[PDB]
Structure formats: structure tokens, C-alpha cells
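Right, one structure below, let's go through it.
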Amino acid sequence: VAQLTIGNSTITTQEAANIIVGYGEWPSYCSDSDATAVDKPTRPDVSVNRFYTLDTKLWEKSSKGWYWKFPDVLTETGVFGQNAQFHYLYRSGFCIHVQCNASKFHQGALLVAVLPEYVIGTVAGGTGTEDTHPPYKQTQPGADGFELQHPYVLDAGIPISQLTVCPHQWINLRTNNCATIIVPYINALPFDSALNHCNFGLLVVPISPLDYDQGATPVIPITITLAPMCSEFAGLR
Amino acid sequence: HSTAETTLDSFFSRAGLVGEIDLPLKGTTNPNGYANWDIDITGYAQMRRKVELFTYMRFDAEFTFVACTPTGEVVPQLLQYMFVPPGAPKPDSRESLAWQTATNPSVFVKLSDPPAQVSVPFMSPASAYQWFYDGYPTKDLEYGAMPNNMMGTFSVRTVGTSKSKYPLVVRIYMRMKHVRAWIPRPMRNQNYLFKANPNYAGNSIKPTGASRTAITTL
Amino acid sequence: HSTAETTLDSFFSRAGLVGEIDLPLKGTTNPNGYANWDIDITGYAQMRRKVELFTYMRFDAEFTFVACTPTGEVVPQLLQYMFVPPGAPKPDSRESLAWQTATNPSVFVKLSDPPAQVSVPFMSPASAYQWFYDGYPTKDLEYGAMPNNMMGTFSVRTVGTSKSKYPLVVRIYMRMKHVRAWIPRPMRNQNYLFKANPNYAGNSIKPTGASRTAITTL
Amino acid sequence: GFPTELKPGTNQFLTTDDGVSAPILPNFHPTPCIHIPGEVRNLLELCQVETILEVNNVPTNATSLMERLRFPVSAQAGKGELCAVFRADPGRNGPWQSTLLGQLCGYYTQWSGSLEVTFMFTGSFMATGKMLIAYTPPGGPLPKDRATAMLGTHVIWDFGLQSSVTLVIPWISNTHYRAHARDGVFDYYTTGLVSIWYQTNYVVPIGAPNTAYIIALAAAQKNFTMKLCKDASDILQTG
Amino acid sequence: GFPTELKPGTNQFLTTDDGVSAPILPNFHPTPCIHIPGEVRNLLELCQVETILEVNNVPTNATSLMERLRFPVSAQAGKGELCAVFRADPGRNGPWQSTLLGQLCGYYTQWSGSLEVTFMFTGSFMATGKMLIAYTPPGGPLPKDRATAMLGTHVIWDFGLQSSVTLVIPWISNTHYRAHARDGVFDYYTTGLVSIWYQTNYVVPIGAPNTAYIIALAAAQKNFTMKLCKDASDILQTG
Amino acid sequence: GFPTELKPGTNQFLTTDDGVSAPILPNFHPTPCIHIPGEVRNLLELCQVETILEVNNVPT
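Protein chains in written order, with the deposited numbering: chain B, 13 to 249; chain A, 73 to 210, 218 to 297; chain A', 73 to 210, 218 to 297; chain C, 1 to 239; chain C', 1 to 239; chain C'', 1 to 60. A prime marks a further copy of an entry chain.
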């Protein structure tokens, strides 16, 4: 154990489990000879790159899974939700940290992964003959996230039994509680609208159902603390 | 000991049929002896699920054109295959000046002349054609619409002022060359419902694969 | 990072259709089964305003010939395309000895044989074809007439003593190669009225571009 | 002879294939290329030349057309008033169509680079005052007034000190693809915005006209580029 | 000119011939390839990634589908009882179809290499016991019990000490040709067998669930290979 | 393009002409040639082997 601090944000965590650096690349910056060398893209250091600790979702036996969209989860929150809106372009990285606080008497397993361009396909009316486009609350669920309804196909017609092909890490309750991931900016472009485009999405599904005998706390507070890495903006409004 | 067959370029080459144009004499189908085919690589059934293994790709595509009559017969007819790059305007009529715009490459070949064949490049303005888009182009009917993936349009037509004398059928094959790909993702296990979205059939949600009776009986 | 698309040669290549010849059987149009087409590069609509961006240019031109019947059909007919350099005499009849003058290059090709294709050079005696001339060749009807810009004449005809058995249509494309240009000038903003002069319509004088309500409402 | 196998593509005539063809006149020696002044090599040379921006692209009456070329400023404008406004849209209609740059853009499909608009005060020499010319980057909405415009990229121009002032438009990119009507057009969406406000009123002593005009010239920086030729025109050769 | 003789094959259009063809746009400079994270070059990269093996591929009821992903172990199983069983058949139907490996195998006709199945005990942390996971090579019949399985390649897994255990499947080869129905399919016959027995019962103290689930992930070693592309799929693009 | 003149023989299919033809499967890597005992290279090898001569070729 030992506590780390980035500004006014002080979280208490374990020494250093095994972190997952998505695709082996580190969220670096974008050099001078890029497409906008005129409007120098200011790189937020001060408070912009600090610890955001979201409304802890509660695990249950019946939980299906949860997902947040990026950078959507923060374009609402704090002084980064200040730059994400009143700025024209954006490129960022993310130190995501997911923790569970449960006793050695609860059991379960959470798969935690990041998926680029996570396009939510709805059910489509049922029989398949309705071309319904997911609402805006499902496409960009804010920092409250959203519950998958069809975890097996990840609400996008794809087997989750294969999601491990993305950066992921496991949260087996009998072995670990904390799970950490480092995401590098990923897109077909060097910069992009931080409001109209969610580069990726954080997925955390219960693969082995939460269980416990009667008496043990029925819910497991999953705390998601995350912070921007070598994030960049350009063109104030 | 060799593993070259499993490379991306290997996996993806081969000309596959992605399009077929009917130019009947008597018809409800393409009545003006001409046709417009915005280039879709999903035309080869198999293809949609294959490419959707990745999020970003890049490539050139060699197109070959096979034309004849329905009985698969050859005839003394000339043809104009025209390519209207994205941005350029498609011909609205069998005499639209779009047929004459020099900036719309056109290749003329007699049906007898073996298949015409041309290479088209990586059009996209983005650094890569990307299959998925988690946003909207600056509940909306524009979700998942990655625009900058337009390869162009192929306008086909019999040459000449008058209607062609024969019933014609053009087939467009396409070999994908120089393929590079990024960000891999879960193989589509659910049936496809529309060309644009991953929308699946929430009723008919099927297990990825075959099932059995007990986890002890093989 | 590259800027090769905006070079003159790039801007101007591409074979564009600059001419079409009709040699009907029954007709008022070219009744003698032959035709004369003094080479005009304004045949491609777009072209006139493009070149008129400059005052002086220079180039070679590769011509390609596409011939068939009106339905765009191919036939077993032979053809004589003849080029009468400037100065030489054009054929006045389907039997003018001009057809036989060796100094008038001629290329014979069967309709079936793919398009015939030849390169013609920078004819002009002046150091450059010049689009504008502020004078008269040694109120006059000869103003702006730069003479030394003649590229030649293309005489087309069915081969043989007798009328051809079929209705024919020749199309002349033209790629401009090795283009060099000087003295740039204001893009034509007014509609063209005649092939020879900049004469515009003094009544219908239009603002260069779209207009709006106030210089404060976008 | 020597063994061959003709491959598909044989006999096709590509309007773009740029191979070589047989010379019609093999002996002919074309008259020599002499030296002519001002030779243009790449069109982007012309895109860097200043041409009058018809900002005042409103009068259409035949003999007022010479006015779209220059807008005016006068004593009658109170401090803070909006003098004019237009977008950073070289291709799309309006003011930019008059500039040579805009006109070239029409033979190309995609493009991007920094622009540069220079203003010229052609009023009496005895006049003074200040203007606030602000640029509201793509996405940013026209500032409500002179004050809010004063918080974003702006320039106070004292046509009392300098007769000319040049503003650089950092970046504009016409690359986002739109398939609207049925005709797929490559349009901006990067409509930057240039607003112009009366920072102060127009101060002129007795004996000097209470109205001056300003000419706005435009050109594209050297970082400009164009892609994909697209011959298009309303004015073609007539019959 | 130069003497030639066209050889047979002239004018044929081979869907596989990979020659070159004339470029439609000769001047066009396609927008530059920038750096994108995670580039895949050869598909075998993906075959070495672990994906959940639906060993419990039995529940089909729409909202139980999330169960094929993990089988369970409980107090109620006597020592020696068979917990589960499946074959080393990446291509053929069943459990392997859920693994990404299995899914790729479908675009290829022949293949061979060592596999690797890892098990994960996701029960209470207070649980202990032992499992006997045995592999009965191709040809060998499923061991009658826990004892006979204990004589062949096996592993006693004390999910009391280690939460995870990985087993290597030495070799599997889908190359023996079968012309059954009328449709000639290249099938295994190398159905290796993985059996799992309760070496001891599931011991858990009071206050801990009497049922834990186990997840089984699978991937192919680096000695894996594939041959002969065979596009095949039940899911194709719809009209 | 480049000037040619097709010579007689063009388009003929000689059952004996041994030129090369386009591969049907360009990517395919055929399974490796391993070592097998007794490889025959030229038939005359077999002509030097003794075989029983049916001199008494009379009983049928």
C-alpha cells in the first residue's frame, strides 16, 4: 500500500499491480510538424490532468455489465469538461483505475477492457425490421455510465467471449480488487471533436456472477478513478 | 514451417465479385441504358464480416470488368465505364454532361476486348478507412456514419446516342492490394440486419456456436 | 505535404472529348461520307475558360480516336483519318487528291482495331500559342485574330470508292502533354458569346459570385 | 517468336492513361521555346496572390457592381457596432467567389491551409478611430457584441496610425464529406468567422468626408494545398 | 516491329492473378499513412490471444447465454466425479466456436500446432480443494474414472494455492481428408480429450458460497499455422 | 506503347510446348518434400536391375 497525488486529488491504492498499457504505446504528445502548426495546441498540465473519481456503481448478482464512452464521461465533468466543450480539437490518453471493495467472502470476476469506436447497436425493434438508432443516452451515457442489456453480444452483435482481444485486465475477487489500464490516443486522425466522437469506451462486465451467503453486504462498490495523459486541445470558442 | 498464407495481404487479395449491373432492353430495371454504382466492398457477401474484424484499414483496389449478355454471350458493343471520384457529380441521365467531364476518368473498351482492368487508390481523406464510428458527423439518424470512406462511383453505359441493341450484364470484381490494418475486434456472431449499423435481432440472439446436452457428454 | 496535383501539366492532362463527327447514310449532315475538322481545343466546354487563365501556352497533344455506330456498335469498316498540317489543302470532295498527298499523314485503322492514337506537336510558328491579341494582322473585323495558332485539320472518311454501308460516329479525344504557360490573367466571370472574342453581354452583366442581404448577415 | 500472354486491360482506352503515342510528323522541328516573362509552373503560385474580396457582396444592380469591392465605415456608427462579417470559406459561395483563390478552388475537390486577409483604409488621410477585427474559430458562434469579441482572437486597428493591417486565418479545411440532396459534395464545416466592430467611432475634422471605404484583399499562405481535379463551370464554350 | 507469339492463357482473367493494372488517377497523392496503435500484420497474432472457451456450451435459453462462458464446481460433487469434458477441436463445432481462434480457423482449410487452455477459479477466496485435469491424447478413450485418468497426462490443481493453472495441449492436426456425404471436408480425427475430475470435494468454511464458477480461456501456441483460405460464413451481408 | 509484330504460331496450343502458365494459388505453400528412401531419377536405373527372364515362356 501507498498513496499517490496529482494536484488536489489524493487516492489511496496498492503498491503497483500489473498495469496494462493498451497496444504497448504510451499516450504521448503530437509533435510540431502536424496539421495545425499555426494554432499551437495548448497541453493542459495544471489541474486538467488529475484524478477524477466517478459515482461508484454497485455490483449485484443480477448486474449485466457497464460501459462508459470516452471522452464523453468527462466532457460533462470538471475543468476538463470545460476544455472538451469550449475547444475545437482534442487528443488524449487515460490512466484508468477500477477498484472493488469486497471481503474475502464474496466471489466474482470482472473483465475490464477498452474498445475503440464502440458503436452501440440496439436490439432493432425485436423481429429485426425496425432501423432504430440508439438514443443519445445510450450513445453517450455521461459519467453515470450505462448497463448493457445484452452482455453476451455486447449490445453490438459481437461475442464478448472474444473481447479479450482488446486491452483488458481481470478482477477476480479472490486474487485482486484493483485493475489498471493506460490508453494511448487512438483514431484515424491526429485530432478530433471531443463531443461528436467517442474515440473509445470503457467496458466492465461481471463474467463470473457476484455471490455471497446471506448476511454479507449484497453490493460491491466499484470505484472508477481515471486521469488524462498527455492530453492536447486546439482552437478556443 | 511457413506462415505466409495467414498474412493480411494474403487473407484479402483475390478478385471477388462485388457488383453486377443489368442493362436490359425491355425493363423496369435501369430503363435508360446506363447505371450508377457507388463503390461498396460489402457486395461480396463474405467480405462484410471479414473486414469488420478490424477498426481501421487501408488499401488500393484493382477492379476488373466482365461484360456480356444474360446467356453469357459476347457481342460487338462498345462501352464506357466512368469513374466519378467522390465529390464529383454522378450522371442523372443517359446524356448528362457528366459523361464528358475529363476529371471523371473513363475507359472505353469493346465487349470483345478482354476485361478492362484498373487500379483505384486509397481515396479517403482520413488516414484510414475506418469501419466503426462512435459519434455523429457535425437519438439521431446520423450515428455511426463515418463519411470519409467514399471510394467513388462507377457509371456504366453503352456508348452512343441511341439505346444499345442488346441486353447487357456488367460484373465488377475487385482485388484488394497493399492491405494494412489496425485495432482488431470481436468477430460478428450475430446476423447482420442493415448495411450501416451493428443493429442485431434482439429476439433471435443465438449462441456463438453449436450446443450440446451436458458439459460431460461429448 | 505534396503539391504535385496543382502543377500545370497535372491540371491539364486527361484526354477530353473535343470533337465528334457524324457520317450518316441518309442525311443532310456530311452527305459525302467524309468530314473536315480544323483542330479546335475549345471543343471540350470546360477548356475555354481554363486555358484563358493565361496569355501564352505551349504543348503537344495526343489524340485518340473512338469510332462506332450511333447505338455504340462496332462494325467491319475500314477508316482513313488524315491530318492536313496547317498550310496544306483540305479535301473538298470524297475523291479530292488531297486524300493521296503523302505530306498529309494518314493512319488507317479498322473499326475493330482499338482506338488509333497519335501525338501531334507544337505547330505554331510563334514561340507560343497565344490566346489574346491586341491588334490586327497586317473598327475592323480582324481584331484579336492571332493567326499563327493553327494546329491543322483532321479529315475523316470511310475508306473505299463507294459510300460506306454503315452509319458512323468518330470521337476525338485529346490529352495535352508537356504544358508550359506564361502571363496569368483574370478568370472569365462573364458568359462567353463567341469563339473569337471576349465580347460579353452588356445587358446581363452579373456579379462574379453569389450575393447576400447585408454585409452583416451570413 | 518470343512468348507472351495478353493480360486484362488489353485494348482499353483510359482517358487518364498517359503513355506515349506515335508522332504524326516525325521529321518536324517545332519552332524553339524562347524566353517569355512571368512563367507560371504550379497553380498554387496564383493562390498566394491577393485579389479583392467582395465582402460587400450585396449590391447586384448592374452599375453598382463596382461596390461589392469595398465596404464603408462612417461617422454614424456608434462605438461597438458591427461593421461587417464573413466566413473563412474560399470555396463555397459568397465573398470568396470574387477572389482569384476562390475561383481556382473550383477545379479542385479537397484543400487546406492558412489564409490571409488584408484590409485597406482608403478614407481621407485626416481620419482616425479604431476597429476591432475578430476571428471566431470554426464552431465558435459570432460574438454577441464588441465586448465578447474582444475576448477572442482580435485586432484593434487604428486606421489613424497604419493605413493597412493584415490578419492571418490560422486554418481552414474543406474535407468533411456530405451526401445531402443526392449529390455528394465535399464541404467545409470549418466556417471560421471574421467579425469587424467599431471599437471607437469615426473621428474626422471639418472638411473631410464622413465616409471612407475599405478594401479587403485575400490570398492563401504558402502552407496551402489542393487535391483532386474537378473541372466544373457555369461558363463553358457556346455553340 | 519486334517478333512475338502469344501463348495459351492470353486474355484470361484469373481472379487470383495478381499482376498490375493501370491507375485510374495518375496524379492523385492519397492522404499519408499516419501512426495508428495496435497494427495487425499476420492473423496468427490473433490466434495466440486468449478468448473465453464456452465449455459449458449447453444453455441456449436467450438470457442464460452468459453462462456458456463459465462452468461451475460445488460442494455437492463427491471425490472423483467428472466435472467436465471437451475435445481439442478448434475448428469443428462446440466449445471452440466461441474462442476467437476457432472463428479464424473457419477461413482456413488445414492447420496444426500446440494449443493452450488456461483455467480460472473465480470462487470465494476462502475455498480450497483439488481438481484433476487430464488430457487423453488422440485415439485414447475417455478415462473410465478419476483413478484411470490419474495414470495419464494429468494435473492436480489446488485452487487453494493458485487461482490459475494453464495446460498445454501438445498437438492437434486437422489434415485427414474425408469425402462423406458428397461434400469433402478436411477433418481432425485428432480429437484429443480434456477431462476434469474432482480430486477432492469442494471445501468451504461457513459464510462462503457452496458454488464457484470457472472460466476457461484458450489460445494457440506460437508453433501454430494455417493453410488454404476458405471464405465461409453463415452471416453474410443482407440485401 | 512498344512496337511488336505477332509471328505465326501465335495462339497455338502445343501439347509439347513446355512454357510456364499462371499459378492458380499464388499464396499457397505446398507441404515440404521430406526424405523418402529409394528415389528414382532416370529410368535407365531400372533397366540395369535383374528380372526373371521367362525363357520357358511356353506353359500358358
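In this text, a Cβ means the ideal position worked out from N, Cα and C, and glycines have one as well.
- Message: So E124 (chain A) and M226 (chain C') are supposed to be a Cβ contact under 8 angstroms. How far apart are they, rounded?
- Response: Start at 1 with the first residue of the second sequence, and residue 124 (chain A) comes out as number 52. Start at 1 with the first residue of the fifth sequence, and residue 226 (chain C') comes out as number 226. Going by Cβ atoms, the distance from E124 (chain A) to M226 (chain C') rounds to 20 angstroms, so no, they are not a contact pair.
- Item | Buried/exposed call for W38 (chain B), threshold 16 Cβ in 10 Å | The residue given as residue 38 (chain B) occupies position 26 in the first sequence. Looking at its Cβ environment, which holds fewer than 16 other Cβ atoms inside 10 Å, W38 (chain B) is exposed.
- Query: Considering only C-alpha positions, which residue in the set B:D51, B:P163, B:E244, B:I183 is nearest to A114 (chain B)?
  - Reply: As a working note, residue 114 (chain B) is residue 102 in the first sequence. The shortest C-alpha separation from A114 (chain B) is found at B:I183.
- Using DSSP bridges, identify the partner residues of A139 (chain A). In the second sequence, counting from the first residue as 1, residue 139 (chain A) sits at position 67. Paired residues: A:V249.
- Query: If you check the beta carbons only, do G157 (chain B) and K73 (chain B) fall under 8 angstroms apart?
  - Reply: To locate residue 157 (chain B), count along the first sequence from 1; it is residue 145. To locate residue 73 (chain B), count along the first sequence from 1; it is residue 61. No; because the gap between Cβ atoms is not below 8 angstroms, this pair is not in contact.
- Nearest to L127 (chain B) by CA position, among B:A121, B:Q111, B:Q181, B:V91, is which residue? Counting from one through the first sequence, the residue named residue 127 (chain B) turns up at place 115. Minimum Cα distance to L127 (chain B) is reached at B:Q181.
- Message: Measuring straight from C-alpha to C-alpha, what distance separates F28 (chain C') and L228 (chain C)?
- Response: The residue you call residue 28 (chain C') lines up with position 28 of the fifth sequence. The residue you call residue 228 (chain C) lines up with position 228 of the fourth sequence. One C-alpha to the other measures close to 6 angstroms.
- Which value, in whole angstroms, describes the spacing of the CA atoms of residue 259 (chain C) and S124 (chain C)? The requested residue 259 (chain C) is not part of the displayed model; chain C covers only 1 to 239.
- Secondary structure at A170 (chain A), three-state DSSP: helix, strand or coil? If you number the second sequence from 1, residue 170 (chain A) lands on position 98. Helix, per DSSP.
- Query: Using a C-beta cutoff of 8 angstroms, does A14 (chain B) count as contacting chain A?
  - Reply: If you number the first sequence from 1, residue 14 (chain B) lands on position 2. Answer no: the Cβ-Cβ gap between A14 (chain B) and chain A never drops below 8 angstroms.
- Task: Give a yes or no on whether the C-beta atoms belonging to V155 (chain C) and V85 (chain C) are separated by under 8 angstroms.
- Result: The residue labelled residue 155 (chain C) in the question sits at position 155 within the fourth sequence. The residue labelled residue 85 (chain C) in the question sits at position 85 within the fourth sequence. Against a cut-off of 8 angstroms, the Cβ pair of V85 (chain C) and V155 (chain C) comes out as no contact.
- Pick from A:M229, A:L247, A:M230 that is closest to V146 (chain A), judged by C-alpha positions: If you number the second sequence from 1, residue 146 (chain A) lands on position 74. Considering only alpha carbons, the answer is A:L247.
- Message: Alpha carbons only, please: which of C'':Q12, C'':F2, C'':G1 is nearest the one belonging to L6 (chain C')?
- Response: To locate residue 6 (chain C'), count along the fifth sequence from 1; it is residue 6. Closest by alpha carbon: C'':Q12.
- Task: Take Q172 (chain A) as the anchor and find which of C:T15, C:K79, C:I215 has the nearest alpha-carbon.
- Result: In the second sequence, residue 172 (chain A) corresponds to position 100, counting from 1. Out of C:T15, C:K79, C:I215, C:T15 has the C-alpha closest to the C-alpha of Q172 (chain A).
- Task: Find the residues of chain A that neighbour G115 (chain A'), judging by a C-beta separation of less than 7 angstroms, and give them in chain order.
- Result: What you label residue 115 (chain A') is simply residue 43 of the third sequence in a count that begins at 1. Per Cβ cutoff of 7 angstroms: no residues; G115 (chain A') is ~10 angstroms from chain A at best.
- Query: Given that a residue counts as buried once 16 or more other Cβ atoms are within 10 Å of its Cβ, and exposed if not, what is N174 (chain C')?
  - Reply: As a working mapping, residue 174 (chain C') is identified with position 174 in the fifth sequence. Classification of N174 (chain C'): buried, given that the 10 Å Cβ count is 16 or more.
- Task: Could you check the C-alpha separation between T79 (chain A') and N42 (chain C) for me, to the nearest Å?
- Result: As a working note, residue 79 (chain A') is residue 7 in the third sequence. As a working note, residue 42 (chain C) is residue 42 in the fourth sequence. Each residue's Cα considered, the two are about 4 angstroms apart.
- Of the choices B:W71, B:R249, B:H145, whose alpha-carbon is the least far from that of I132 (chain B)? For this step, residue 132 (chain B) is matched to residue 120 along the first sequence. Here the closest residue by C-alpha is B:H145.
- Query: According to the neighbour-count rule (16 or more other Cβ atoms, all chains shown, within 10 Å of its Cβ), is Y102 (chain B) buried or exposed?
  - Reply: Position 90 of the first sequence, counted from the start, is the residue given in the question as residue 102 (chain B). Burial call: buried.
- Would you please verify whether the beta carbon of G9 (chain C') is less than 8 angstroms from any beta carbon of chain C''? By 1-based counting over the fifth sequence, the position of residue 9 (chain C') is 9. Yes - at least one Cβ of chain C'' is within 8 angstroms of the one on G9 (chain C').
- Bridge-paired residues (DSSP) for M255 (chain A'): For this step, residue 255 (chain A') is matched to residue 176 along the third sequence. Paired residues: A':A133.
- Going by alpha carbons, who is nearest to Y245 (chain A') out of A':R86, A':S74, A':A260, A':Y106? As a first step, residue 245 (chain A') must be located in the third sequence, where it is residue number 166. It is A':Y106 whose Cα lies nearest to the Cα of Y245 (chain A').
- Query: Going along the chain, which residues of the segment 13–44 of chain C' sit with their C-beta nearer than 9 angstroms to a C-beta in chain A'?
  - Reply: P26, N27, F28, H29, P32
- Residues in its own chain within less than 6 angstroms of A160 (chain A) by CB, not counting five upstream and five downstream? As a first step, residue 160 (chain A) is located in the second sequence; it is residue number 88 there, counting from the start. So the qualifying residues of the chain are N176.
- Task: Classify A62 (chain C) as buried or exposed, calling it buried when 16 or more other Cβ atoms lie within 10 Å of its own Cβ.
- Result: Residue 62 (chain C) sits at position 62 when you count from the first residue of the fourth sequence. Classification of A62 (chain C): exposed, given that the 10 Å Cβ count is below 16.
- Query: Just by C-beta distance, which residues in the segment 48–72 of chain C are closer than 7 angstroms to chain B?
  - Reply: none
- Message: Suppose only complete runs of 3+ residues qualify. What are the beta strand (DSSP E) ranges in the segment 33–84 of chain C, listed by chain order?
- Response: 70–74
- Message: For the segment 136–162 of chain A, list every residue whose C-beta sits within 8 angstroms of some C-beta in chain C, in sequence order.
- Response: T136, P157, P158, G159, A160, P161, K162
- Smallest Cα separation from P158 (chain A): which of C:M126, C:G91, C:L236, C:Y108? The residue given as residue 158 (chain A) occupies position 86 in the second sequence. Ranking C:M126, C:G91, C:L236, C:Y108 by Cα distance to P158 (chain A) puts C:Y108 first.
- Name the residue from A:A188, A:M225, A:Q189, A:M195 whose alpha carbon lies nearest to the alpha carbon of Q202 (chain A). Position 130 of the second sequence, counted from the start, is the residue given in the question as residue 202 (chain A). For the residues A:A188, A:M225, A:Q189, A:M195, the minimum Cα distance to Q202 (chain A) belongs to A:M225.
- Just the chain A side, please: which residues come within less than 7 angstroms of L89 (chain A') by C-beta, in chain order? Counted from its first residue, the third sequence places residue 89 (chain A') at position 17. Here the neighbours are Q172.
- Task: Would you mind sorting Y177 (chain C') into buried or exposed? The rule is 16 or more other CB atoms within 10 Å of its CB.
- Result: Along the fifth sequence, read from residue 1 onward, the residue named residue 177 (chain C') stands at position 177. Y177 (chain C') comes out exposed.
- Taking 7 angstroms as the cut-off, is the CB of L44 (chain C'') close to at least one heavy atom of the ligand NAD? This structure simply doesn't include the ligand NAD, nor any ligand for that matter.
- Item | Cβ-Cβ distance between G247 (chain B) and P163 (chain B) below 8 angstroms | Residue 247 (chain B) sits at position 235 when you count from the first residue of the first sequence. Residue 163 (chain B) sits at position 151 when you count from the first residue of the first sequence. No, they are not a contact pair.
- Hey, is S114 (chain C)'s beta-carbon within less than 8 angstroms of any beta-carbon in chain B? As a working note, residue 114 (chain C) is residue 114 in the fourth sequence. So yes, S114 (chain C) belongs to the interface.
- Message: Can you find the residues in the same chain that come closer than 7 angstroms, C-beta to C-beta, to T191 (chain C), ignoring five residues on each side of it along the sequence?
- Response: As a working mapping, residue 191 (chain C) is identified with position 191 in the fourth sequence. Excluding sequence neighbours, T191 (chain C) sits near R87, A88, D89, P138.
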